[PDB]
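Read through the structure below, which is laid out as C-alpha cells, and then see the notes.
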Amino acid sequence: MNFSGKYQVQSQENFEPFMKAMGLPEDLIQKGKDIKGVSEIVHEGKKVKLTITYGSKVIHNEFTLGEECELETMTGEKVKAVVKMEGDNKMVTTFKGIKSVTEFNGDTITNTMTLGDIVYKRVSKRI
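The authors' numbering puts the first residue of the sequence shown at 1, with every later residue one more than the last.
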C-alpha cells in the first residue's frame, strides 16, 4: 500500500543533463553518474518526509503539501519549491521552470523532473 516506507533508487534518466544544467559538469557526473541510493518516506497528513541516501550521505526531503519547502538535491543544493500532495501520494512541486512529479502507485515510485530543458525519470522500488 502506498503512503510511506523504503523505496530504493534503481535508475534515473538525465542524471547528467540535470547535473550539467544545475552546476555539476558532465565529466564530474561521468565519474560518479550512476550512484545507487535508498529512499525512506514517512507519510503524515500533508507533510511528507523523504529520506534519500546518496552513497555515504543521506539527504532528506521533508515538505508539507501546498507549502514552499526546501528541497535537498542528490547533489547537495537546497531550493525552495512549492509542492502539493494529492493524498494517494502524488507530490508535485513547481520552481521556476523546474517541474517535479512524484507518484506512488502499487509501491512503485516514478519521479519525473524537468530541469532547464532536460527530462528526468527515476525508478524507485520498495524494498
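Every residue, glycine too, gets a C-beta built ideally from N, C-alpha and C.
No residue range can be given for residue 15, since it is assigned to no beta strand (DSSP E) and is classified by DSSP as neither H nor E. Residue 47 and residue 60 have their C-alpha atoms some 13 Å from each other. Three or more beta-carbon pairs separated by less than 8 Å are not found between the stretch 75 to 86 and the stretch 31 to 42, which leaves the two stretches without contact. In the structure shown, the three-state DSSP call for residue 78 is strand. Here residue 104 really is in contact with residue 2; their C-beta atoms are around 4 Å apart, less than 8 Å. For residue 26, the enclosing alpha helix (DSSP H) covers residues 26 to 31.
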